[PDB]
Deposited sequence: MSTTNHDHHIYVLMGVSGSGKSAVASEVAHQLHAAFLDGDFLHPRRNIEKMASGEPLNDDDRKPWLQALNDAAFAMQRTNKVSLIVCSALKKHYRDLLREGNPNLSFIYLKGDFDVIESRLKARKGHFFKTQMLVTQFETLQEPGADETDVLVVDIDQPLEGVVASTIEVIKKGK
């Protein structure tokens, strides 16, 4: 069952916002469980992503459930847990809450212009563009969402995810 004194934090945000970097460091600094949810795609999703083609909502289905399962498993033994998932749509976001009332989100947030500059192989204008078009920013009705500002170096983004996690 749910350990309402344990909590799961999902780092959301578009590709390039640095989720896995921040989350990684934040978790090594709170002796927290960390899971990069990209590792939880099924075997097909992986090949389909390597073919050049982007997944659709039906691929995402089993992916989100696994994340949901992992959240459920992480909270049994960890006070705080971090899961990385861009979770760009309300719907994916809710697919994550179903069953885990001890889950909330941390949005590493920036406007398109902010993030491009922050990246600086090579930078891909159109991938980022595609991330923003897919993104459904959490509205006010989404209250389990905490917001963090990426327009700072790593240390600060890191420092502010912590503060955000502590504040609450």
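Note down, first to last, the deposited-sequence stretches for which the model contains no C-alpha atom. Sequence ranges with no C-alpha atoms are 1 to 2, 123 to 126, 175.
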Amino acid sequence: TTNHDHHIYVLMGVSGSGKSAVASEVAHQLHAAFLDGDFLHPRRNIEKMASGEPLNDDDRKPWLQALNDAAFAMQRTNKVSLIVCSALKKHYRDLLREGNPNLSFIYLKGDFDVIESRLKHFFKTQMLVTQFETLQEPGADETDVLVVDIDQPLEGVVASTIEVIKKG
From here on, numbers count along this sequence of modelled residues.
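In this text, rigid core is short for the largest set of C-alphas that superpose within 1.5 Å between two forms.
Which is farther from the shown form in 5 other deposited structures of this protein in C-alpha RMS with the core fitted, 111 to 119 or 65 to 73? Once the cores are fitted, 111 to 119 deviates more in 5 other deposited structures of this protein.
With the rigid core held as the alignment frame, decide whether 32 to 40 or 55 to 63 lies farther from the shown form in 5 other deposited structures of this protein, in terms of RMS C-alpha distance. Farther on average in 5 other deposited structures of this protein: 55 to 63.
Give the stretch, out of 46 to 54 and 106 to 114, with the larger mean C-alpha temperature factor in the deposited entry. Mean B over CA atoms: larger for 46 to 54.
Going by the mean C-alpha B-factor recorded in the entry, which is higher: 122 to 130 or 33 to 41? Stretch with the greater average CA B-factor: 122 to 130.
Tell me, lowest, middle or highest third: where does the Cα B factor of residue 17 rank within its chain? Within its chain, residue 17 is a middle-third residue by C-alpha B-factor, going by the deposited values.
Ranking the modelled residues of this chain by C-alpha B-factor as given in the entry, is residue 23 in the lowest, middle or highest third? For residue 23, whose C-alpha B-factor we compare with every modelled residue in the chain, the answer is the lowest third.
Split the chain's modelled residues into thirds by Cα B-factor; is residue 10 in the lowest, middle or highest one? Bottom third by C-alpha B-factor.
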